[PDB]
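What follows is a short report on a single structure.
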Amino acid sequence: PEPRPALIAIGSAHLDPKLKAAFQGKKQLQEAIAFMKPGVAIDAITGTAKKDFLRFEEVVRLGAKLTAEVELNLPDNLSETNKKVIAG
RNA sequence: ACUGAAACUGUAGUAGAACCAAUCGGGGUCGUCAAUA
């Protein structure tokens with residue numbers, strides 16, 4: 001059988017357009033949405049921070065509400081029961 | 001003379017080891033005070 005495409009198109013999730021409009025021009029705030037999280041491996045013997053395993057990861061602040069546009073290109077003959085299966 | 005499809009930048013990793021908020025100190029004890037006329 002030929003490979004089936006998806007019925008569902010899912011966009012990227014972006015911040016609310018008014019919130020992104022507020023960030024325009026504010027490079028300092030644009031960086032401030034994220035902060036450094038440290039990570040370090042500990043030596044299982046000596047119990048000490050294993051140097052050059054010290055690590056900083058950028059993480060984005062919790063509370064973000066992001067939204068993606070979804071398109072369901074369902075088959076036009078699809079049974080109403082099968083619609084409920086997909087929705088389910 | 002006709003949009004490829006489909007695919008999680010994820011997986012493992014303790015911001016930690018070491019460092020005394022501490023050193024010294026009797027809750028004690030005796031000579032005046034004042035400057036003019």
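Ordered as shown in the structure tokens, chains take letters A, B, and onward, while each chain numbers its residues from 1 and ligands are numbered from 1 in the order shown.
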
What are the residues of chain A that have an atom within 8 Å of an atom of chain B, counting only C-alpha atoms (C1' of nucleotides), as a tab-separated table (two decimals) with N, CA and C atoms, in the first residue's frame?
```tsv
chain	number	residue	atom	x	y	z
A	3	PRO	N	2.03	4.84	1.12
A	3	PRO	CA	2.03	5.41	2.47
A	3	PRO	C	0.93	6.45	2.64
A	4	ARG	N	0.10	6.25	3.65
A	4	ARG	CA	-0.91	7.23	4.03
A	4	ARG	C	-0.27	8.49	4.59
A	5	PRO	N	-0.65	9.67	4.11
A	5	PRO	CA	-0.36	10.90	4.84
A	5	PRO	C	-1.22	11.03	6.09
A	38	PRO	N	21.95	24.95	35.89
A	38	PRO	CA	23.18	24.16	35.97
A	38	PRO	C	22.91	22.67	36.01
A	39	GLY	N	23.86	21.92	35.46
A	39	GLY	CA	23.88	20.49	35.60
A	39	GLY	C	25.30	20.04	35.82
A	40	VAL	N	25.51	19.11	36.74
A	40	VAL	CA	26.84	18.59	37.02
A	40	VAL	C	26.71	17.11	37.34
A	41	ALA	N	27.64	16.32	36.81
A	41	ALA	CA	27.78	14.94	37.23
A	41	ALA	C	28.62	14.85	38.50
A	42	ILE	N	28.22	13.97	39.40
A	42	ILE	CA	28.94	13.71	40.64
A	42	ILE	C	29.70	12.41	40.49
A	47	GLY	N	32.21	11.55	45.49
A	47	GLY	CA	31.05	12.37	45.77
A	47	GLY	C	31.21	13.83	45.42
A	48	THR	N	32.12	14.15	44.51
A	48	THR	CA	32.43	15.53	44.18
A	48	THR	C	31.99	15.86	42.76
A	49	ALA	N	31.70	17.14	42.55
A	49	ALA	CA	31.41	17.64	41.22
A	49	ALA	C	32.53	17.29	40.27
A	53	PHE	N	32.32	18.24	33.56
A	53	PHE	CA	30.92	17.86	33.45
A	53	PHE	C	29.98	18.93	33.99
A	54	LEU	N	30.51	20.08	34.40
A	54	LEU	CA	29.66	21.23	34.68
A	54	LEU	C	29.07	21.79	33.39
```

Enumerate as number ranges by chain all residues of region 2-86 of chain A assigned to alpha helix (DSSP H) by DSSP on the backbone, naming them with the chain letters and numbers the document uses.
A: 17-22, 27-32, 80-86

Written file, previous selection with C-alpha atoms, as an mmCIF file, in the first residue's frame:
```cif
data_model
loop_
_atom_site.group_PDB
_atom_site.id
_atom_site.type_symbol
_atom_site.label_atom_id
_atom_site.label_comp_id
_atom_site.auth_asym_id
_atom_site.auth_seq_id
_atom_site.Cartn_x
_atom_site.Cartn_y
_atom_site.Cartn_z
ATOM 1 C CA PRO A 17 0.469 37.427 19.185
ATOM 2 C CA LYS A 18 -0.048 40.364 21.556
ATOM 3 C CA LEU A 19 2.613 39.007 23.899
ATOM 4 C CA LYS A 20 5.006 38.590 20.949
ATOM 5 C CA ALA A 21 4.128 42.105 19.808
ATOM 6 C CA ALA A 22 5.189 43.349 23.239
ATOM 7 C CA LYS A 27 16.161 42.102 23.218
ATOM 8 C CA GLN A 28 16.909 42.019 26.960
ATOM 9 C CA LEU A 29 13.430 40.678 27.732
ATOM 10 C CA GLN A 30 13.635 38.284 24.776
ATOM 11 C CA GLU A 31 16.627 36.698 26.474
ATOM 12 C CA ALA A 32 15.001 36.909 29.933
ATOM 13 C CA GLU A 80 -19.888 9.999 11.333
ATOM 14 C CA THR A 81 -18.934 7.171 13.694
ATOM 15 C CA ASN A 82 -15.362 7.193 12.339
ATOM 16 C CA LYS A 83 -15.285 10.956 12.807
ATOM 17 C CA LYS A 84 -16.005 10.319 16.481
ATOM 18 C CA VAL A 85 -13.225 7.721 16.592
ATOM 19 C CA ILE A 86 -10.693 10.232 15.253
#
```

Distance query residue 71 (chain A) at most 8 Å, only C-alpha atoms (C1' of nucleotides), self and fewer than 2 positions along chain excluded, as a PyMOL selection string:
chain A and resi 8-10+69+73

Selection file, N, CA and C atoms, as a PDB file, in the first residue's frame:
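Saved file part-v5.pdb follows:
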```
ATOM      1  N   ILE A   8      -4.223  14.902  10.092  1.00  0.00           N
ATOM      2  CA  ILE A   8      -4.050  16.053  10.962  1.00  0.00           C
ATOM      3  C   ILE A   8      -2.794  16.813  10.562  1.00  0.00           C
ATOM      4  N   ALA A   9      -2.955  18.098  10.275  1.00  0.00           N
ATOM      5  CA  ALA A   9      -1.844  19.035  10.226  1.00  0.00           C
ATOM      6  C   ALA A   9      -1.792  19.785  11.545  1.00  0.00           C
ATOM      7  N   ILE A  10      -0.631  19.785  12.174  1.00  0.00           N
ATOM      8  CA  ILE A  10      -0.413  20.494  13.420  1.00  0.00           C
ATOM      9  C   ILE A  10       0.682  21.508  13.166  1.00  0.00           C
ATOM     10  N   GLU A  69      -2.127  26.150  15.225  1.00  0.00           N
ATOM     11  CA  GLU A  69      -3.225  25.912  14.300  1.00  0.00           C
ATOM     12  C   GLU A  69      -3.265  24.447  13.881  1.00  0.00           C
ATOM     13  N   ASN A  73      -7.848  17.422   7.750  1.00  0.00           N
ATOM     14  CA  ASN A  73      -8.326  17.174   6.390  1.00  0.00           C
ATOM     15  C   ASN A  73      -8.958  15.780   6.271  1.00  0.00           C
TER      16      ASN A  73
END
```

Per DSSP on the backbone, what are the strand (DSSP E or B) residues of chain A, as a ChimeraX atom specification?
/A:8-10,14-15,34-39,42,49,55-60,66-67,70-72

Exercise: residue 36 (chain A) partners within 9 Å, only C-alpha atoms (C1' of nucleotides), chain neighbours under 6 positions left out, as a ChimeraX atom specification:
/A:56-59

CA of residue 6 (chain A) sits from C1' of residue 3 (chain B) at a separation of 15.4 Å
